[PDB]
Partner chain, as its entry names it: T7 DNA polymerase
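Quick setup: one chain, the form solved without the partner chain, written in structure tokens, and binding and motion questions come after.
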């Protein structure tokens, strides 16, 4: 895909909690049409912000355990982990512009 980490509950700790940078964890599901629809945007963003931001796409169907942990009651969820610190959590799709702005504002 791109600079998109297909995380698992098991890898979550080492990858996200110990993120050597900023990791945007997108919580998605096989049935999540909208998640797929934003995937190109996430890919583009992941490329654009390479070195500043890293992106991940965690499948809750495969990893149910991770959903409760971050109160994933709706997807696509976008949780921005700055070195494991959840800086911001967005729920639902948004425009590339909004996403870029959000990311810029959080990264600062």
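Numbering follows the first chain given and starts at 1.
What follows is about the form solved in complex with the partner chain, which we do not show.
Within this chain, residue 8 is remote from the site of the partner chain in the deposited bound form, having no heavy atom within 4.5 Å. For residue 92, a non-hydrogen atom is located within 4.5 Å of the partner chain in the deposited bound form, even though that partner is not displayed. Remark: residue 55 does not count among the residues lining the partner chain in the deposited bound form, judged by a heavy atom distance of 4.5 Å or less. Of the heavy atoms in residue 14, none are within 4.5 Å of the partner chain in the deposited bound form.
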